[PDB]
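As they're listed, the protein sequences go chains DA, CN and UV.
Using PDB author numbering, the letters of the first sequence map in sequence onto residues 129 to 233, 238 to 245.
Using PDB author numbering, the letters of the second sequence map in sequence onto residues 3 to 27, 32 to 105, 120 to 231.
Using PDB author numbering, the letters of the third sequence map in sequence onto residues 125 to 274, 282 to 317, 326 to 445, 453 to 983, 1010 to 1116, 1128 to 1237.
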Amino acid sequence: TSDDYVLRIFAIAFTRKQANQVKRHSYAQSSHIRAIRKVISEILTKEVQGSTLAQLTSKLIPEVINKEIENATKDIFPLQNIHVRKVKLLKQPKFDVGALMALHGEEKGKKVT
Amino acid sequence: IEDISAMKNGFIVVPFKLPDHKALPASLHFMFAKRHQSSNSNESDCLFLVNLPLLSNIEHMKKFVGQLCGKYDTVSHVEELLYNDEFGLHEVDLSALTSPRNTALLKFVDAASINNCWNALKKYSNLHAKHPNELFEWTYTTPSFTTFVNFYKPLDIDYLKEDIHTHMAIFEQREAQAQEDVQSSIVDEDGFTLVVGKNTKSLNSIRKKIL
Amino acid sequence: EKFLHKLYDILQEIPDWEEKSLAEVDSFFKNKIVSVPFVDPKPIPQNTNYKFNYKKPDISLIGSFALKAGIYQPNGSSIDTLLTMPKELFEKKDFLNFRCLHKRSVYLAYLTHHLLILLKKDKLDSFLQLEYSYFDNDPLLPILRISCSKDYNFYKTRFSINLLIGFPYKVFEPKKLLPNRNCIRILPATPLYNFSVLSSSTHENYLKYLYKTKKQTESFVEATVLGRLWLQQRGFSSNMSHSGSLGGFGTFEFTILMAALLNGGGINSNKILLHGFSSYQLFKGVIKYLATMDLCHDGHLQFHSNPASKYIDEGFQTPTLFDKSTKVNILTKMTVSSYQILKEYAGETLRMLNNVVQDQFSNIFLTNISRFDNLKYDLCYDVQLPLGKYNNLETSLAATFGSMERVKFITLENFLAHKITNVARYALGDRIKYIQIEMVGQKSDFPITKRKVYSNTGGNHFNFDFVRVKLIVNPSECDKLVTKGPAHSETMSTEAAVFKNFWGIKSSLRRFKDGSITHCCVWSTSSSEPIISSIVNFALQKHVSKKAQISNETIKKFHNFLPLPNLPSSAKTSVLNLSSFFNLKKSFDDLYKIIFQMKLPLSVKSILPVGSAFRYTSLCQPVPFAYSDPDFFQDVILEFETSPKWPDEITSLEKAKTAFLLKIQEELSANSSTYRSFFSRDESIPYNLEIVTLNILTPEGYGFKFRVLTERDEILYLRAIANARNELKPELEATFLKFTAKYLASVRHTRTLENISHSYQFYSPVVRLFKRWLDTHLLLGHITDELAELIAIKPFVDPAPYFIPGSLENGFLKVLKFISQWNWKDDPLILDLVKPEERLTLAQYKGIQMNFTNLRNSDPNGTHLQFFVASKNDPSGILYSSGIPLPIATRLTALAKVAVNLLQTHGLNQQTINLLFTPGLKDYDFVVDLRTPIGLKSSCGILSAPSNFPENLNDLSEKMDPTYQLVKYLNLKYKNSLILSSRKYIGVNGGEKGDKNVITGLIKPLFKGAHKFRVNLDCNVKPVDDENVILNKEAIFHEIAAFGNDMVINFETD
């Protein structure tokens, strides 16, 4: 990330069929597969490197990234169930308690005697 | 500075005295005007105007020509006024680009009126020569706090809705006609048909691809 | 050389004198003009049965000249001529109770007496100057300082001669003169006495051994001059630092450490500094060794001058290089605080030389940092200590200076310095990183007729006037609310015992929410002074002297010039609190969730803030319902999902943006009726006449602008670049430049600046002082806020050669010092936007450097672009620096130069801060002083208050301020002939009520003269001929009078 959090992202999607589809199956060419793979990975790399940690979480909440990938891959093939499967923290940068207190949202005592 | 009546390039100096400001212990605001020579039909009977004051609008142009006509017993009716971009927000026409500075143009109703007010300007230059107190005063439309807060005011939602609706209407109609004439199976006079791709919408855009 | 040869002839001419009693000696130096510089305490004739004797010494040399590594010192240097004593005049019972010291004193007195007699013989006295002084500020060891004035006139050489008096080799036992041993008998050890007498016995062996190492190596003299110039530009010296001075390490100690490192140095005593090195190699090896190896606390080094150097894991609680061949602790003249600050200087220099991308030769070796105390250290405080007299110590000092106290610190100077340092470090603890004192008023020079340096100023009888304390503060731990103490048990611990004995009435017993029990002490934060200031005041008023005076009115006035918002307990809120920022961000999350749950036929992609308060750099922290702030409406950029059916015309596209914002407005007026909304026709980008910012008012008292971005906007802007005409190019390039400046790199800028500001918390308040002072100098109408942000973060991200700023005044003088020393016409400017240890690569650095070369080839003076400000987010460096003219550039640079000259000559005081913060109001063609009829300070919310939004958004616009629109429209009209400047933040810059502005306008010197009357000349002129025209100044004057007719109060011309 721009927050220097090393991350590994697993995302998945399915080859749906058309409304006009007379075929039982919905299978596409490996050319389409690799092209769409490259398109997806570009989208992920761009969005994450543009994002920070809390920004990535806020992006992650309302599933908007997979919709973006859907509208990108709208011309190649009709797809479905496009979903980021999994997130893997791999490295975390140095400690910042002030940043953690900021992203979460000082204290006196009670005079014991 | 008293006998400077005109310029040798045809331009005629036009003074305008100023009142006494409280923060300044009277100059003569100098303008210039010339007849316009242009092949445009709507740019006929017009005065090239130079060094206009702040907010030189149609009402103050009419006041100036009315003072001139009342002084010189003449008749000269202002029709319209053109090219008054004093702050310069229309130096680029980006709309048709992607689809005259500090001067203006003053249109009159006929050649009789423009020659008449031109003789009025000639006698005003002679006024600058001989009698500098007979020169006219330009009282600006002094922009106030009310005008600045009209600049600062929000827009009217009904106005927005109307302009948006009509703009989408005209843009949709012109884009529909563009899609039709682009993908309407064009053939040339000699037997020759062009090639046109799918979802392509503008012949100008085809020529820009060739560019 | 010939001078020292003649003085050798003089000294061998000098006769001798025998064993003599104190009565004979005092009669001698009583009927002679020379007075014996007796070290304290003076010999008293009852406790002495020994006598004195001067015979011929043995003569030698030492210093950079004897090591043959001298430079041409501009201020002046010295060469040491040593005289070493006769051991036949010495006895074994001379190194206890100052006996050898008094022998030395009378030795030196007779020496300077008969040298004066031979000077009155040879008649060089008309241009020589003769005086007493101390060997590296050692009052227990006086010396001779021979200086000159304007055929032995060596005054043009800038050299002086220091006569040192030393004992022969192995006269007194070094194991008896170990620092753990006692030789002053009244039991505590005498460390300075042991070290000084042992060094006086063992000076010359170090010369021999160091000359041997210089002979064995090849670049020893060059590494010596490197160490010398580095220590000089850092502000170091070989002087005894125990007396309120910075020293203990200079050329001699540096060279001795080079010899020890060539002899070994490792824990395994292996060779880590090798003889085949070059000069850079030797310097790098010693600086790594000093950076990574502690000599003080947890380890120390040992070596033998006659055998390898081995590092052992016991630090003697002092910087410890133990010469076992002479049993000498080399670095005894150094304090622990001086040691740790030179260790951190070795560390910062190590990181500097490890910087492979950039060059660091200039900042390492060509910057003297000891010019300004406020620039070198973070915090500073003056403490007047009028102690009085020797007998009035006991009634002025809270402590006691007794016999063992005199044994430990023979000098009351070292005693008081040690006392105040330990009480300060104990009372401060984790809140500060490093602490230094300067006993202001200290001297080392005094004439021959005096026994010592006598002082009578500052309410004392000692060589000082007061004490200035300076601190390198911990930035994260300064603003802690409680000073933490040890825990509590039934049986009381020694640690909490000395804690309560130290803190007294501040000591208490406190419990917390986790259920922890400990002793603490209570403090109350202020917006005018730090808790650090309150606790240093309390500590030095309790445990040192009740008559002391501790202050810093400088940082008082800086904290006052920090703007004060109309907030409850804002007089108690200190500088580090970001609570209003957290409040605006929480309200922003409320709007975030409601607009994210709102529906529109196309999906909302991303809503992002680029507010200046969001990135924590608004001029004020915002107040609810204080909508008259210029930074009230924070910019919020919108992006929706990618549609393949966008209108591919620009006006239809921006009008579709208008329609989508209308849909947001109708649905929010439907389902979120507690919020107010309107549309504001934004036009801030030229030639786009359709922008609409959806302005939202929120009953948390806040307001925002909402504006749509699209890939379709970028693709049509690039289409405009493609189809614009060749001469219409650069104007449209400036338009797209401002577009991407306010849209595209703005989000990445705010993001990384929030991140790096949370790393450097103290950048957010120092930027608030910068644009406030810049507003008082009125250049805000031309400089961009994000560029100002980069200027303010530059000394934080590039602290070299100083430290990070941990305080407001330190950061402000650092940004002023950088802009004062900067030359934008030749020097480029690159930031590495990273946390403390995504750094910039050398290839990228060469790319942006070649970009700067291309820009400076196409524009070598800066008539198109003055400042080159680049980063990772800015590979161009033209993004936030475009649109500023060369007169404004020269004005701000001359402002920085006159600022550094003010602080140089007039020094630091409240009047210098006032002269900094007042405008100059000079070099202006016309000056219009205007007053808004209503003051806006209370409505803006700066503490000298609004409680709601009024019913009419037109009334909101009434309470907005129109002088900014005034000046910017005057600038759109007169970009051709004038340059104008104004005050943007009236609520902080409108006098007392917040209703005053000054408008400064400068003529273009081209339109100052006469020109040919052109159709595109575009200026109000008055023709001087029928062909040539001169500008119509009075027409301009009445025209601006009429444009601001209602607000114009007075007008002045040049």
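All C-beta atoms, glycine included, are put in the ideal place defined by N, C-alpha and C.
According to DSSP, is CN/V16 helix, strand or coil? strand
Taking 8 Å as the threshold (beta carbon to beta carbon), is UV/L1189 in contact with chain CN? no
Nearest to UV/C314 by alpha carbon, out of UV/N475, UV/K596, UV/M550? UV/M550
For CN/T123, does the three-state DSSP call read helix, strand or coil? strand
Within the segment 532-585 of chain UV, ranges of the alpha helix (DSSP H) (whole runs, at least 4 residues): 539-542, 549-554, 558-574
Environment of UV/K1109 [buried if 16+ CB atoms lie within 10 Å]: buried
Under 8 Å by Cβ, that's how I've got UV/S516 and UV/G386 pegged, so tell me the actual separation to the nearest angstrom. Not really, about 12 Å apart at Cβ, beyond 8 Å.
Assigned secondary structure, UV/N1154 (DSSP; H/G/I helix, E/B strand, else coil): helix
Three or more beta-carbon pairs under 8 Å between the segment 879-895 of chain UV and the segment 854-867 of chain UV, yes or no? yes
Check whether the Cβ atoms of UV/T595 and UV/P632 lie closer than 8 Å to each other. no
Hey, is CN/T123's beta-carbon within less than 8 Å of any beta-carbon in chain UV? yes
For UV/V503, which residues in the same chain have their Cβ closer than 6 Å to its Cβ, ignoring the five residues on either side in sequence? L1014, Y1017
In chain order, what residues of the same chain have a beta carbon less than 7 Å from the beta carbon of UV/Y523, not counting five sequence neighbours either side? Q582, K616, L617, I618
What does a CB cutoff of less than 8 Å around UV/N1045 pick up in its chain, not counting 5 residues either side in sequence? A891, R894, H895, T898, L979
Could you pull out every residue in the same chain whose Cβ sits closer than 6 Å to the Cβ of CN/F54, ignoring the five residues on either side in sequence? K40, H42
Backbone CA spacing between UV/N729 and UV/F771 [nearest angstrom]: 13 Å
Own chain residues within Cβ distance below 6 Å of UV/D1101, not counting five before or after: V1181, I1232, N1233
UV/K1191 versus UV/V1198: straight-line alpha-carbon distance, rounded: 18 Å
Quickly, what does DSSP pair UV/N841 with across the bridge? List them, please. UV/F824, UV/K851
Which residues in the same chain have their Cβ closer than 7 Å to the Cβ of UV/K1195, if we skip the five residues on either side of it in sequence? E1210, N1211
Would you say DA/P206 faces chain UV, with C-beta separation under 8 Å as the test? no
First and last residue of the alpha helix (DSSP H) that includes UV/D133? 126-137
So, for UV/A934: in the same chain, excluding its five sequence neighbours on each side, which residues have a beta-carbon less than 8 Å away from its beta-carbon? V913, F916, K917, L920
With distance defined between alpha-carbon atoms, name the residue in CN/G72, CN/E92, CN/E86 nearest to CN/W158. CN/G72
Residues of the segment 85-97 of chain CN in Cβ contact with chain UV at a cutoff of 8 Å, in chain order, please. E92, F93, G94, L95, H96, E97
Would you list the one or two residues that DSSP bridges to UV/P711? UV/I1114
Contact list for UV/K751 against chain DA, beta-carbon separation under 7 Å: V192, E196
Check whether the Cβ atoms of UV/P310 and UV/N475 lie closer than 8 Å to each other. yes
In chain UV, what lies closer than 8 Å to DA/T180 by C-beta? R897, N901
CN/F18 beta carbon near the ligand FMN (any heavy atom closer than 7 Å): Looking for the ligand FMN in the displayed structure turns up nothing, as the structure carries no ligands at all.
Of the choices UV/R373, UV/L421, UV/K803, whose alpha-carbon is the least far from that of residue 322 of chain UV? The residue list of chain UV ends a segment at 317 and starts the next at 326, so residue 322 of chain UV has no coordinates to report.
Residues within the segment 645-666 of chain UV neighbouring chain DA, beta-carbon criterion of under 8 Å: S654, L655, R656, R657, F658, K659, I663, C666
Of the residues CN/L74, CN/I184, CN/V81, which one's Cα is nearest the Cα of CN/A131? CN/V81
Report yes or no: do the segment 155-164 of chain UV and the segment 283-299 of chain UV share at least 3 C-beta pairs separated by less than 8 Å? no
Spatially closest choice to residue 450 of chain UV from UV/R597, UV/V599, UV/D576, by CA coordinates: Not modelled: residue 450 of chain UV, which lies between 445 and 453, the two residues flanking a gap in chain UV.
Using 8 Å as the threshold, is the segment 363-383 of chain UV in touch with the segment 184-203 of chain UV, meaning 3 or more CB pairs across them? yes
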